[PDB]
Structures are given as structure tokens and as C-alpha cells.
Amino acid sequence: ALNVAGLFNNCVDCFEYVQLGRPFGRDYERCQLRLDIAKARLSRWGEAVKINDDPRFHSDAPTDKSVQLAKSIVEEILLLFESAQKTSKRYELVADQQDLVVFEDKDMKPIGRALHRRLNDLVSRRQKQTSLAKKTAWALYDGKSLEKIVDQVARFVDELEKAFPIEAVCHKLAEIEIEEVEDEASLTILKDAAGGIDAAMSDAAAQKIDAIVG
């Protein structure tokens, strides 16, 4: 349909429309942070690879092998959202109306809300397109469905990185995402929440905590 850069941008956009429903309870804050980090890791990739400037990502059928993988992988992230959406639209068909109230970042503690917003801004600043498809908000209703998205986005981005020589560039980009967050409490939160989904963000946060501690 659209070129690879267009698919990618719509991928990143999809996180914009996911809400977390009542059953998350006290896990809301942390789970949002994990979605934000997975979102961050995907957009980082696109920056490392200069998705909006490298013309290779600007055709509908690319010749190059690597661009074809990334086109495949990106189509597959979209399908993840599509499955999740459908699982959710059907919990709603059966649910007690109470559990249909979604959380917002007002419902986090101050420290977690600053981090959600800061992680979102980083990604906004990389999002070029106005021309994103239209989407509607939908909700996740259990820890398992969120883990599937989070874990599978992380494996997908692992393989996007494999396809290109940028793991050095990604490390640097990860340090830059963090150079303005100074307090250990906040760096601690990010080291922990990146865990098992963004080694790069985690090592950076780890590096920074030790740097203050001497």
C-alpha cells in the first residue's frame, strides 16, 4: 500500500491510541512506562536508520533485502495491534461496564507521569508525518495482552537492528534520550522498566546511576 517509511510511522502512531483499562489496577503506571519504552525503542530504530531521509524506505516494493525485512517486520507489528484490538473489542462485549473505565497519566505518581511525558516527547520530536492514517482509541484489559505487545515489539526491534549495522548508533541514541534526566529515582525506574525490553536504555540508565554515586 504505502512505502516502508509510511508503514513505520503508522506503527509508532499506534501506541498513541492504546489505553489501559481498570483491571490493571496498581500496575497501570509501570505498564504504561513499558509501552512507552517499547514505543521509544521502535522510534529510536527509525532514527538510527534515518527512515525519513534514506530513499530506500521510500518505495512500495524495495529491491534491497534489508528494506524488505523491515517492511515485513513493520507489517507484522501492525498485525499485533490489529489482533490486540480485536481481543479487546471482545472483552468489552462481555465485560462489566465498571471495567471499561480507562486510566490516564493523572493516575500516576508525579515521577511516573514526568517520565511518561518525557518519553512521549522524545518520540514526538522524531515523528515527522502529519499524513498518518486515521485510528481510534482502544483499551487493553489484562497484563498478558500487554506483555505480548511489549515483548513482541522488543523481539521485532531486535531483528530490525540485526538487519542493519547500527547497534553502536542505537547505544549512543539511548544515552542521548537520557542525558537530561538527572535524579537517581527516575533513572532507577527506567533501568527497571527497560528490563528485558531495551538493554540499550537500561545500560545507559545503569551507567548514569553509577556516575552520580562517585
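Numbering starts at 1 and follows the sequence shown.
J.: State which stretch shows the higher mean Cα B factor in the entry: 107-115 or 91-99.
T.: Result of the comparison: 91-99.
J.: Which third of the chain does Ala205 land in by C-alpha B-factor: lowest, middle or highest?
T.: As the PDB entry reports it, the C-alpha B-factor of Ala205 lands in the highest third of its chain.
J.: Using the temperature factors of the C-alpha atoms in this entry, rank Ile189 within its chain: lowest, middle or highest third.
T.: It falls in the middle third of the chain.
J.: Taking the C-alpha B-factors as the PDB entry records them, is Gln129 in the lowest, middle or highest third of its chain?
T.: It falls in the top third of the chain.
J.: Taking the entry's C-alpha B-factors for this chain, is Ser59 in the lowest, middle or highest third?
T.: Within its chain, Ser59 is a highest-third residue by C-alpha B-factor, going by the deposited values.
J.: Considering every modelled residue of the chain and its Cα B-factor in the PDB entry, is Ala137 in the lowest, middle or highest third?
T.: Middle third by C-alpha B-factor.
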